[PDB]
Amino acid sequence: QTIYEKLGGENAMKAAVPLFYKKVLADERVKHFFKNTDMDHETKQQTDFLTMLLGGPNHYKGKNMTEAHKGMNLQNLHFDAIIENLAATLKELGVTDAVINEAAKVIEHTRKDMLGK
């Protein structure tokens, strides 16, 4: 009963991260930010990061949230879009609203680290 376990553990996270990128890369609000991104790299880092954040194994060796988005001057509407797409991903994968909300509540603490950097 970590959030990572409630979502379904490793095979669930490996399905969810590429589906979340499929939605992000179709969302007019944010897709363009990824134009020059190595999507294999990025899928791996984000899988490691959400796995760590949500109480699974901690193998995240990437940048902190300010460094990751430095120079992007991200705005609130961009962060809302990312949360909406992760929520829609987990809902499409059959996750209940209560578990989506627990996950979102953890991720939402990162907003101040990345906006306006």
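Quick note: we count residues from 1 along the sequence shown, nothing fancier.
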Quick one: higher average CA temperature factor, 45 to 53 or 32 to 40? 32 to 40
If you rank every modelled residue in this chain by C-alpha B factor, which third holds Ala68: lowest, middle or highest? middle
Is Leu74 in the lowest, middle or highest third of its chain when residues are ranked by C-alpha B-factor? middle
By the entry's values, the third containing the CA B factor of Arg111 is the lowest
Within this chain, which third does the Cα B-factor at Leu19 fall in: lowest, middle or highest? lowest
Among the chain's modelled residues, which third holds the C-alpha B-factor of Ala104? middle
